[PDB]
Protein chains: 2
Amino acid sequence: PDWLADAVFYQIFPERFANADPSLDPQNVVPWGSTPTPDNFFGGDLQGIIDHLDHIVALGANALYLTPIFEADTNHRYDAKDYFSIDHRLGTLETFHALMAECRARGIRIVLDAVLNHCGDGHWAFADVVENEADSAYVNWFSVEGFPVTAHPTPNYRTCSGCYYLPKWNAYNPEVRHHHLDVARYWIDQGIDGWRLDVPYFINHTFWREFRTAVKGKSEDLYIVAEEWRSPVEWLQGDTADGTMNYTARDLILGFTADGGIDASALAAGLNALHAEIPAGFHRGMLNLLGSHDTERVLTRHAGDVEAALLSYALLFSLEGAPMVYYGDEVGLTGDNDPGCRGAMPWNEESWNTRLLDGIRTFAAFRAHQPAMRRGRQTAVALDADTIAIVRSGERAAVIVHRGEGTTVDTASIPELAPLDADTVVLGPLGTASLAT
Amino acid sequence: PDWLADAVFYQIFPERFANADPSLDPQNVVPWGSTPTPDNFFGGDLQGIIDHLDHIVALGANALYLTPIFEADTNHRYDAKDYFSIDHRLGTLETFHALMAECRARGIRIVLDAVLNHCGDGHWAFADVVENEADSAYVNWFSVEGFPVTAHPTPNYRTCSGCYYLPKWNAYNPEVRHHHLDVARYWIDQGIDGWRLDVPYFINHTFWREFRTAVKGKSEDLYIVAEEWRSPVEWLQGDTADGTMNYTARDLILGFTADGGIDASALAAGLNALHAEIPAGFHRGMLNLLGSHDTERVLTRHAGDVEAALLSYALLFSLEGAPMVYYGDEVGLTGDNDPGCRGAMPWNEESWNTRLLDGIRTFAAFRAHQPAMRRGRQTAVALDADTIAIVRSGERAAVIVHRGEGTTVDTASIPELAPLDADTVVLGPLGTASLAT
Ligand SMILES: OC[C@H]1O[C@H](O[C@H]2[C@H](O)[C@@H](O)[C@@H](O)O[C@@H]2CO)[C@H](O)[C@@H](O)[C@@H]1O
Ligand SMILES: OC[C@H]1O[C@H](O[C@H]2[C@H](O)[C@@H](O)[C@@H](O)O[C@@H]2CO)[C@H](O)[C@@H](O)[C@@H]1O
C-alpha cells in the first residue's frame, strides 16, 4: 500500500512512555526513574501517550507501532488474557478512543501487535481448560498432552519457546481461527491502521493467507508487517504480508557505523543484494530500523559515541522502505538488551541530548521534502572503505555517509552521482551530505 | 605582498611547545604537565619545534608566528637582554639555522616578534647606565629622569606601561634607531620572512616609516603586521604595515558563536563595514585570529562546547586575510587569560580531541582548494538571526555557518548565492556548508 512511501514510525512500549494517570497504577508500582526488570511496573499509560504526541510529531514521525496493549499479567503484555479489552493499567476503551481521535487530527496512523501464536496462562479459556479439563468446551483450542495440566517442571502443553506462562494456540482449530480473525476485525473497527505479526513463523502460511483476506477485506490499504530476523522473501510473495521488520538492514548498517566489521563495499553489495532478493512492489512496505524492544539500545551499541550513532540514523532515513525510531533513542537513552532497553522515558528536557534529537529531525526533514527519497529506486554505491552514497531516483537525490576523519567527493565523475550538479562535496569527520534535484 | 592570500599561520609560544633537549633546561625547570605561572619555566625549545613540524603541516598551516626568542630573563621573553642571540634555553643559532632549513624544505615561512618600544632591565646597555650613569656611553638610549636609577617603588625612568623590568627605549636617539634597524636586518639575513610589531602604537609613525624602508629594501615581499586591538586604519595607509592582528574580527565572531550578544545581521554589517574601512590592496594582509597569548583560550571562551567552537573556526577560515591558529587550540586545550593560556603542549595523542582537530583541517582544505577563498572579494550576507553566508568571488565560493538547531537554505533566491547552483542546502544543529564553482 502506497502510503508507506511517506511513513515514519515511532515504536512505543506503553508501560515505560509516560505515567499520566497514577490512579491506574498497581499497588507495587515503582518510581519512574527505576531500573527496569522482567517483573516491575512503572505505570506508563495511554493518556501519557496522548499528552506527549507533540514530541512525536516534532521528531518527524507520522505512524506509531505499539507493542501489546490488551489485558495481561506481565509488564510486556505478550501473555494476553482477554483480547477484547485494553489492559486495566493502560486505560479504558474510552481512553483508547480518545487516543485515536487525537492521532487522526494530526495525520498519525496506528499499528498494534498481533499475538496469535499464543496467549497467557491467565486467559479465561486456558484457565477453564485447567479447571474443566476434557469437559471444557475449550480443550481443543490448545495442545494439551494430558491431565492434570502441569507447568513445572516442564509444561505438559505446547508453548511459545517452552515458556510455561505462554500456552500455544491451536490454529488448526476452526474455532480458534474464528476468535483470532475476530480480533483482527474488532480492532480494525476501532480505527486501526494495521497489524504487526508477532512470531508469524511459529504458525503456518495458510493461516496468514486467511488473515490477509480478513484484513485486506476491511480495507486494501490496511498494512501487514511481519516479524522476521532473517530473509524476508517468504513473506513477500503477495499472499501474506506487505513487508517485514528489516533486521537484515539493521545488521548491515551497525556492522559499518558501530562494529567496524564491514566496510562500505561490503555494506553496498549487501544492500543491493537485499534489494534484488525483495520482490517488486514490496520494497516500500519494508519497515526499516536500528533497534527495538528485543535489542540493546542504539547509543549503547555505539559505546556512547553520539556522532557515530548519527551515521546510523542518516543511513536509516536514506533507505527505500519506512524508517522507525524506538522511543527514547532520539533523546539519548542507553541500555543493554531486554530488560535493559525498556527503560522509562525521561521528561525533564534538561536531561535530553537535544543535539542527537535535532540531528535526526534534519534527516527526517530532507526525506520528507524529497519525493525521490520516498518513492525513488534505491542504489547503494561505495566510494571508499569509509564512505558510501545511497542514491534514490524517481531526478536523483542522494545521502552520502562518512565514518572517517574527513573527505572530498567528486560528483561529476560518479555516473550515478553525475546527474546531480555541484562538482565536489566536502565532508568533515563523521560527516554526512544530503543532495537533490 | 600577494603570498598572504595563500598563507595559514600557526602561532607558537616557544617555552611551552616541546622540550626536545632537557640539557638546556634551567635548574628549577618544572614538569611538563605543570600549571603555568608568570614565573616558571617548562623548557620548551627550538628543537621541540623542528621535531613536531609535521603536526603543523598536517593541520594545514604554512607560516609560523613566533613570540620572542632572544636572550631574556622572563618566560615570555619581552624583557630582551641581547637582541643578537637566541635565548640560551631555546637553542643556539645553529639550532635556529637548523629550524629554518627544515621550514624552507616544507614551504613554511617564519615571522618573529619585534619588540622595539622597550627592552629588559637586565640588558647590557641599561645595566651599564645603572652602573656608569651620566658617564655611560648609553645614557641617552633611554629616558632616565635622575640618578641613582630606582625602580621600587615607582621607576624613575620611562617604561612599558609602568612595568619596572621593562625600561623604555629612546627612539628619538639616532643611535637607538641604528641598533634597532640592525636587528631587523640581522634576522632578515638569517632567512626570516617578516616581522610582527610589538605595541607599535607606543612609538611613532616616523620611526615605522624608517622601519618599513629598511625592511622592504631587503625585500618587497617581506611582510609587516602590526599589533593593534582597535581600528586598523592608521597602519594601512601604505607607509607603515601590510596589516594588523585582526582583533576586530575576533570580537565580532565570538560575540556570535560564544557570547550570544550579536546576531547574524549584526555580524555581517560589522564585517562589511570593516571591509569598507580597510584600504584597497590591504584586505589580504590582514592577520585573522580567534585568540592568542594575550587572551583566554577559544574552547574556554566557548565553555567547553566543542561544536560551537567549530563555528568559530569555520568563520575564521572563510574571511579575506590570513587565518592563524594558536598552539594547542586545535587539539582542545583550555585555559583562562595569561598565564592560563600559556599551558604546555601535550604530546600523547590519546589526550587530544581529534574531532576538533579534524574539523579544522576540513575548513583548511576547502580554502586551499578554492582560489576565490584565497583571493576573492569578501561579502558577508545574513540569512537569519542564527545563519550567515560569507561569500567570496574572483565564480563565487561560500561558507554558510549555522548556530541554531537546524535549517534549510534557498540558494536560487539569494542574489549573491544565486550564481552557485544547488538549489536548497540542508544544515544540521550547529551546522556548516562549504560550496563552490
Ligand atoms: O517469554 C519470552 C519473552 O516473551 C516476550 O517476547 C516477545 C517479543 O518481545 C516479541 O517482539 C516477539 O519476538 O515475540 C516474543 C514472544 O512473545 C517478552 O518481550 C520477553 O521479555 C520474554 O522473555
Ligand atoms: O609586563 C607586562 C606584560 O608583558 C608581556 O606582554 C606583552 C604581550 O604579550 C605582547 O603581545 C604585547 O601586547 O606587548 C606586551 C608588552 O611587551 C607579557 O607577555 C605579559 O605576561 C606581561 O604581564
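Computed over heavy atoms, backbone and side chain alike; hydrogens, waters and symmetry mates excluded. All chains are named by letter (A, B, ...) in the order of the sequence lines, taking the proteins before the strands, and each is independently numbered beginning at 1.
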Open item on the list: Counting heavy-atom pairs under 4.5 Å with chain B, which one of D358(A), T362(A), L357(A) comes out on top?
Closed with: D358(A)
Open item on the list: Within a 6.0 Å radius of atom CD on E395(B), are there more than 12 heavy atoms belonging to other residues, nucleotides or ligands?
Closed with: no
TODO: Considering only heavy atoms and a distance below 4.5 Å, find which of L310(A), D305(A), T432(A), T407(A) pairs most often with chain B.
DONE: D305(A)
TODO: Give a yes or no on whether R106(B) atom CZ has more than 12 heavy-atom contacts from other residues, nucleotides or ligands under 6.0 Å away.
DONE: yes
Open item on the list: Heavy-atom cut-off 4.5 Å, strictly under: side chain, backbone, both or neither for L427(A) against chain B?
Closed with: backbone
- [ ] Take atom NE2 of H369(A) as the centre, draw a 6.0 Å sphere, and report whether it contains more than 12 heavy atoms from other residues, nucleotides or ligands.
- [x] no
Task: Spacing of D423(B) atom CG and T437(A) atom OG1 [to the nearest 0.5 Å] - done: 5.5 Å
Open item on the list: For chain B, which candidate among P429(A), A436(A), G428(A) shows the most heavy-atom pairs at distances under 4.5 Å?
Closed with: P429(A)
Open item on the list: Quick check for you: to the nearest 0.5 Å, what is the distance between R355(B) atom CZ and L430(A) atom CG?
Closed with: 5.0 Å
Open item on the list: A quick test of your reading: do over 12 heavy atoms of other residues, nucleotides or ligands sit less than 6.0 Å from NE2 of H55(A)?
Closed with: yes
